[PDB]
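J.: You'll find data_25.cif just under this line, and it carries mmCIF, C-alpha atoms.
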```
data_protein
#
loop_
_atom_site.label_atom_id
_atom_site.label_comp_id
_atom_site.auth_asym_id
_atom_site.auth_seq_id
_atom_site.Cartn_x
_atom_site.Cartn_y
_atom_site.Cartn_z
CA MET A 1 1.43 15.68 -0.22
CA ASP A 2 -1.73 13.76 0.73
CA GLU A 3 -2.76 13.64 -2.97
CA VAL A 4 -3.54 10.28 -4.53
CA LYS A 5 -3.02 9.78 -8.29
CA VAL A 6 -3.76 7.20 -10.96
CA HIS A 7 -2.09 6.99 -14.34
CA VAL A 8 -3.76 4.59 -16.82
CA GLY A 9 -4.74 4.50 -20.51
CA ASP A 10 -8.18 5.19 -22.05
CA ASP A 11 -9.03 1.44 -22.17
CA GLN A 12 -8.65 0.89 -18.39
CA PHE A 13 -9.38 4.52 -17.28
CA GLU A 14 -13.17 3.96 -16.96
CA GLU A 15 -12.51 0.90 -14.76
CA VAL A 16 -10.01 2.82 -12.59
CA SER A 17 -12.25 5.93 -12.51
CA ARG A 18 -15.23 3.83 -11.32
CA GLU A 19 -13.24 2.06 -8.52
CA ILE A 20 -11.59 5.38 -7.44
CA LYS A 21 -14.91 7.28 -7.46
CA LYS A 22 -16.44 4.34 -5.58
CA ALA A 23 -13.60 4.74 -3.06
CA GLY A 24 -14.42 8.45 -2.52
CA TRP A 25 -10.83 9.83 -2.24
CA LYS A 26 -9.33 12.91 -3.95
CA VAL A 27 -7.28 11.30 -6.73
CA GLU A 28 -5.92 12.64 -10.01
CA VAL A 29 -6.27 10.42 -13.08
CA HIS A 30 -4.41 10.83 -16.37
CA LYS A 31 -4.87 8.83 -19.59
CA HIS A 32 -1.71 7.71 -21.43
CA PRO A 33 -1.49 7.29 -25.31
CA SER A 34 -0.63 3.59 -24.91
CA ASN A 35 -2.27 0.85 -22.77
CA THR A 36 -1.18 1.42 -19.15
CA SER A 37 -2.42 -0.10 -15.89
CA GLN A 38 -0.60 1.52 -12.93
CA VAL A 39 -1.85 3.47 -9.89
CA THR A 40 0.48 5.87 -8.04
CA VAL A 41 -0.42 6.98 -4.49
CA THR A 42 1.38 9.98 -3.02
CA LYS A 43 1.02 10.46 0.70
CA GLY A 44 3.66 12.57 2.45
CA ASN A 45 7.06 10.93 2.01
CA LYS A 46 5.43 7.68 0.75
CA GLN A 47 4.28 6.54 -2.69
CA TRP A 48 2.51 3.36 -3.79
CA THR A 49 2.59 1.73 -7.24
CA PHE A 50 0.13 -0.95 -8.48
CA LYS A 51 -0.89 -2.71 -11.73
CA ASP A 52 -4.66 -2.53 -10.99
CA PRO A 53 -6.97 0.04 -9.27
CA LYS A 54 -8.34 -2.69 -6.97
CA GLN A 55 -4.83 -3.39 -5.82
CA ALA A 56 -4.35 0.30 -5.08
CA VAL A 57 -7.84 0.75 -3.57
CA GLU A 58 -7.57 -2.40 -1.40
CA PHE A 59 -4.02 -1.51 -0.30
CA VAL A 60 -4.91 2.18 0.26
CA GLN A 61 -8.12 1.16 2.09
CA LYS A 62 -6.16 -1.07 4.49
CA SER A 63 -3.35 1.46 4.98
CA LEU A 64 -5.29 4.73 4.62
CA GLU A 65 -8.93 3.72 5.46
CA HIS A 66 -8.00 1.27 8.27
CA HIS A 67 -4.61 2.53 9.52
CA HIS A 68 -3.78 6.11 10.58
CA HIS A 69 -0.47 7.99 10.79
CA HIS A 70 0.28 11.13 12.83
CA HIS A 71 2.82 13.81 11.86
#
```
Show me this structure written as structure tokens.
T.:
Amino acid sequence: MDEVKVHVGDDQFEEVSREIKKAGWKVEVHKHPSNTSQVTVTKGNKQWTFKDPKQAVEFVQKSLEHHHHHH
């Protein structure tokens, strides 16, 4: 699936939501009961995991916004 997702708590969700919305990609965000800072990107048979949204956005931007892959 070409769906991107982010799983973080309520304390860092606004920060992740702002960077993700600023990025413009279709991503699903879920708030955990405890403090969590991890982004999970699902693209086909690949998945990325990061501790910050900037890490995910910068890595996704370089891989997904700069590089392209054909099926």
J.: Of the candidates A:27, A:1, A:8, A:64, which one gets nearest to residue A:52 if we count only C-alpha atoms?
T.: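 Counting only C-alpha atoms, the residue closest to residue A:52 is A:8.
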J.: From the set A:67, A:4, A:62, A:11, which residue has the shortest atom-to-atom contact distance to residue A:49, counting only C-alpha atoms?
T.: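 Smallest separation from residue A:49 among the options: A:4.
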J.: Got a sec: who's within 12 Å of residue A:21, counting only C-alpha atoms, leaving out chain neighbours fewer than 5 positions off, as a list in words?
T.: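 Counting only the stated atoms, we get residues 6, 13, 14, 15, 16, 26, 27, 28, 29, 53, 54 and 57 of chain A.
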J.: Need to verify the contact set: residue A:55, 12 Å, all atoms listed in the file, exclusion of same-chain residues closer than 4 positions in sequence. Can you return it as a PyMOL selection string?
T.: chain A and resi 6+16+19-20+37-41+48-51+59-63
J.: Grab the atom CA of residue A:65 to atom CA of residue A:17 distance for me, in Å with one decimal place.
T.: 18.4 Å
J.: One decimal, Å: what's the distance from atom CA of residue A:18 over to atom CA of residue A:36, could you say?
T.: 16.3 Å
J.: Just to confirm, what's the straight-line distance from atom CA of residue A:47 to atom CA of residue A:2 in Å (one decimal)?
T.: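 For atom CA of residue A:47 relative to atom CA of residue A:2, the distance reads 10.0 Å.
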